[PDB]
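Trainee: This is the structure alone, sequence omitted:
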Ligand SMILES: Cc1cn([C@H]2C[C@H](OP(=O)(O)O)[C@@H](COP(=O)(O)O)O2)c(=O)[nH]c1=O
Ligand SMILES: [Ca+2]
């Protein structure tokens, strides 16, 4: 896989962000994770986490996996990096997302994310508290 440029347009919630990619505004849904909705427990904390991570970044990158690049709602499906740190993994590592939505063919970072989740669970962080 490879990283491609994007710029932030706006934070949305824990696992969705609006980015400008190839010069076009798109909502991206983060691969392989599920944050709680804003109205659910830890929802706001996930939203804030992602917000801070993407707003503070000098350099946002999009990395598509090998399979489907857009979902049925027209959201881009990607691993999103903020100054080289993967947002998807960071959420999981902090117990602010679950590994989830693991479909065959867009599952390249699965084992990296599961290892993060196991460590979050060990530490009994947030969702695992
Ligand atoms: C993360 C992800 C979600 N989705 C779809 C599945 C879910 O369909 P349903 O809307 O029918 O439940 C929805 C979950 O996204 P949200 O967690 O953003 O709601 O998005 C994909 O199709 N592919 C993916 O990789
Ligand atoms: Ca969600």
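Mentor: Happy to help now that I have it. Residues are numbered from 1 along each chain as shown. Ligands and ions are numbered 1, 2, ... in the order given.
Trainee: what's around the nearest residue to residue 51 once chain neighbours are set aside, how many residues?
Mentor: With C-beta to C-beta, 6 or more residues apart in numbering as the measure, residue 11 is the residue that lies nearest to residue 51, at 3.9 Å, once sequence neighbours are left out. The C-beta positions use only the backbone N, C-alpha and C, and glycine is treated the same way. Burial of residue 11 is recorded as 17 neighbouring residues (other C-beta atoms under 10 Å).
Trainee: Can you name the secondary structure element that comes next after the helix or strand harbouring residue 11?
Mentor: Under the criterion DSSP states H and E, the helix or strand holding residue 11 is strand 4-13. Under the assignment DSSP H and E, the closest C-terminal helix or strand after strand 4-13 is strand 16-21.
Trainee: for that next one, packing partners?
Mentor: With contacts defined as 3 or more C-beta pairs under 8 Å, 6 or more residues apart in numbering; DSSP states H and E, strand 16-21 has these neighbours: strand 4-13, strand 24-30, strand 60-63, strand 76-82.
Trainee: Could you check the second one and say which residues are buried?
Mentor: What that stands for is strand 24-30. Residues 26-30 are the ones in strand 24-30 that count as buried (16 or more other C-beta atoms under 10 Å).
Trainee: Could you dump those into CSV with distance to ligand 1 added?
Mentor: Supplementary listing: the buried residues of strand 24-30 in CSV, determined by distance: C-beta to the nearest ligand atom, whole Å:
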residue, distance to ligand 1
26, 14
27, 10
28, 10
29, 5
30, 7
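Trainee: wait, doesn't residue 61 sit right on residue 8?
Mentor: No: the pair formed by residue 61 and residue 8 falls short of the contact definition of C-beta atoms under 8 Å, at 11.3 Å.
Trainee: So between those two, which is more surrounded?
Mentor: Neighbour comparison, residue 61 and residue 8: the larger count goes to residue 61, with 20 against 17 (by other C-beta under 10 Å).
Trainee: show me what contacts that one?
Mentor: By C-beta atoms under 8 Å, 6 or more residues apart in numbering, residue 61 lies in contact with 3-6, 80-81.
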